[PDB]
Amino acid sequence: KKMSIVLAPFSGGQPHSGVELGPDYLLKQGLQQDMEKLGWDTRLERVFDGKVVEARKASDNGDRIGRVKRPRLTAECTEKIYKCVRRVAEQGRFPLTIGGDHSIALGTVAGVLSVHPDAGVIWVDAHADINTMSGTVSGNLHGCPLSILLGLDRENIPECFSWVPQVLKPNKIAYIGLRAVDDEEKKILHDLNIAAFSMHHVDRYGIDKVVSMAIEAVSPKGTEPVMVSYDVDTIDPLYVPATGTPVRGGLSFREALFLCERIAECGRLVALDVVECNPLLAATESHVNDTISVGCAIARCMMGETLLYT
């Protein structure tokens, strides 16, 4: 029962700065102590200096390839994350990555599928993060990771991303909590027949059924390893206010956590990313505390924490 808590304080995949503070905030909230308390032999893994990267992002506004903003910087860092996560798994340890915007998952998923190529992927998010380099309207790379992992729009993808291994198929990715999908993404998900459960399915079937369906969609043989990339903005902003791109009509705090327990209960989770926590994007001390403690809550629940006897 060994765990490596991968710190990924990156913010180049999007406009607002502050999300790179996630790792620190989470850790000071007692994340590592919590994993220990859950019986996890933990050790931190730093991939790069958070402030050094902020400097390179704040200045170099010349790092672009079309509407895509900061592709080189995002490629460099996500590659270091990929390599890091890859080793962590080769060592037979569970990698829990703390972001940082969601573009880090390009490194995480790439790293996990490198050791567990048959792993399914549950993308808990309000967004589909599948925009292509050519299609991305905003150009914020945190909304493009999946397109890159899937190898879509191969032609218009640059050199700085050639390091990205092609190991993720459409039938191994399942969304949950979607409600802010771009027209381009709606078509893509439909073209590729990606299993996506929007808030509509949650309202229709309740979180339980959805989770069940989500897990089945990426787990054919019922034995496959499961990975969850958890974007906190999936949860209604009235619970998670400190986040870059909030959208109303999100999961309730109870659903956000129940979802984790169902997964833990699955007994096949091999990795977890907890992203989009931006402390500087709050109004009070409770805005940040509620947000960060929610992050730690997803971690404890995913890692086995239950409300009753265990």
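So that the term is clear: the rigid core is the largest set of C-alpha atoms that superpose within 1.5 Å between two forms. Counting begins at 1, following the sequence as shown.
The higher RMS C-alpha distance to the shown form in 6 other deposited structures of this protein, out of 297 to 305 and 9 to 17, belongs to 9 to 17, with every structure fitted on the core.
Of the two segments examined, 233 to 241 and 96 to 104, it is 233 to 241 that shows the higher average Cα temperature factor in the deposited entry. Per the PDB record, of the two stretches 170 to 178 and 214 to 222, 214 to 222 carries the greater mean B-factor over its C-alpha atoms. Per the PDB record, 60 has a higher Cα B-factor than any other of 276, 60, 255, 273.
When the C-alpha B-factors of 79, 203, 118, 125 are read from the PDB record, the largest value belongs to 118.
In the PDB entry, residue 251 places in the lowest third of its chain by CA B-factor. The deposited CA B-factor of residue 110 belongs to the lowest third of values across its chain. When the CA B factors of the chain's modelled residues are split into thirds, the value for residue 73 lands in the middle one. Placement of the Cα temperature factor of residue 198 within the chain: lowest third of the modelled residues, per the deposited record. Looking at the C-alpha B-factors along this chain, the one for residue 260 belongs to the lowest third.
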